[PDB]
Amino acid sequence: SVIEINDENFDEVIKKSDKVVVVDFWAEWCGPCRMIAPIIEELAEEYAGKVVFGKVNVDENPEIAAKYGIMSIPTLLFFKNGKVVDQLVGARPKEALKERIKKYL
């Protein structure tokens, strides 16, 4: 279940977990994003609550994008213990995402 991350529940999902949080930065007008969307959702089903998956709409939340320097979408951030540990810019194959995730399990 890809949780919808907003400014209210942000800390609740990112600074209160011990598990790796993958965060997807999208927007409705972004075509490349539409490649990632179904994959993130599939991986949230492979990992049985082992990794948290979350979405941030950069339109609705332009300021949080700003804080972590999100220059362009799509972009995945990997959060571990509240702090960013990895960044993936641009759409990549399901297998290649699974290869970067395993490191942080």
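So that there is no doubt, residue numbering starts at 1 and follows the sequence shown.
In this entry, the higher average B-factor at the C-alpha atoms falls on 45 to 53, of the pair 25 to 33 and 45 to 53.
Between 9 to 17 and 85 to 93, the higher mean Cα B-factor belongs to 9 to 17. When the CA B factors of the chain's modelled residues are split into thirds, the value for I39 lands in the lowest one.
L76: CA B factor in the lowest third of modelled residues in this chain (values from the PDB entry).
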